[PDB]
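The opening residue of the sequence shown carries number 1 in the entry's author numbering; numbering runs sequentially from there. Just so you know, even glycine gets a beta-carbon here, dropped at the ideal spot from N, CA and C.
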Amino acid sequence: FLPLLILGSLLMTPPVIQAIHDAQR
Numbered sequence: 001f002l003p004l005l006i007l008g009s010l011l012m013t014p015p016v017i018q019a020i021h022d023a024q025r
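Right, dumping it as structure tokens:
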């Protein structure tokens with residue numbers, strides 16, 4: 001999930017969707 005999700009996509013891509021969302025706040 002949150003972790004596993006970002007982890008899984010932790011190769012050649014940042015924690016998008018969430019990162020931008022967090023940065024949005």
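Taking DSSP as the reference, what is the three-state secondary structure of residue 11? Working through the sequence shown from its first residue, we reach residue 11 at position 11. In the structure shown, residue 11 sits in coil (DSSP, three-state: anything other than H, G, I, E or B).
Going straight from the alpha carbon of residue 9 to that of residue 1, what length do you get? For the purposes of this step, residue 9 is identified with residue 9 of the sequence shown, where counting begins at 1. For the purposes of this step, residue 1 is identified with residue 1 of the sequence shown, where counting begins at 1. So the alpha carbons of these two residues sit roughly 11 Å apart.
Start and end residues, alpha helix (DSSP H) containing residue 24: Looking up residue 24 in the sequence shown gives position 24. Unbroken alpha helix (DSSP H) run through residue 24: 19-24.
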